[PDB]
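Have a look below at one chain only, the form deposited in one PDB entry, in structure tokens format.
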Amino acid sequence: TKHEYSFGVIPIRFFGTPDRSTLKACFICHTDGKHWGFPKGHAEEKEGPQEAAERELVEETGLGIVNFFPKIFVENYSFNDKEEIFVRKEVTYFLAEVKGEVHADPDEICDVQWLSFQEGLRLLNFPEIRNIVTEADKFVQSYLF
């Protein structure tokens, strides 16, 4: 009965003059499982969470950080792994305006879509990640709009 810890980024960008209608986020499809979400991964030894999140984003999508926003999001879920071990997993997401063209690492990302938070919600089935996007949509509205 293991505990797993992961760190990721919700990557956002404005396709035009910044506003509610022009914010999009980089939704990705996970090669291992084909569920949708955001880039994330494990911290290397002694790495801080934000450092691990930045490195995992660059490794998986080639995107670079413009600015972090002063906000994090946390989810907790449980599953059984390939070898049938019960896992309790905690994922911490940072939120960042990003730059670059996406170049997915196909070993981890098998599809990419830039969508509004509400559009991307349609791709999400697990309740915990739906809560994440609901909170993130609530945040960008109060913080920016």
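In case it trips you up, residue 1 is the first one in the sequence shown, and so on. In this text, rigid core is short for the largest set of C-alphas that superpose within 1.5 Å between two forms.
Just going by the entry, 125 to 133 versus 17 to 25 on mean CA temperature factor gives the higher value to 17 to 25. Look at the C-alpha B-factors of 77 to 85 and of 64 to 72. On average they run higher in 77 to 85. In the deposited coordinates, the residue among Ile109, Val98, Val91, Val102 with the greatest CA B-factor is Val102. Ranked within its chain, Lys34 lands in the lowest third, by CA B factor from the PDB record. Looking at the C-alpha B-factors along this chain, the one for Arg55 belongs to the middle third. Compared with the other modelled residues of the chain, the Cα B-factor recorded for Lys46 ranks in the highest third.
Beyond the structure shown, there is the form deposited in another entry, which is absent from this document and is the topic of what follows.
Superposing the rigid core between the shown form and the other one leaves a single residue from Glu90, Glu51, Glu44, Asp81 with a C-alpha shift of at least 2 Å: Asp81.
A displacement of 2 angstroms or greater separates the C-alpha positions of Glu128 between the shown form and the other one, with the rigid core held in common. For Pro106, a C-alpha deviation of 2 angstroms or more is recorded between the shown form and the other one after rigid-core alignment. Compared with the form shown here, the Cα atoms of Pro127 and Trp36 move at least 3 Å closer together in the other form. In contrast to the form presented, in the other form the C-alpha positions of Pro18 and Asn131 spread farther apart by 3 Å or more.
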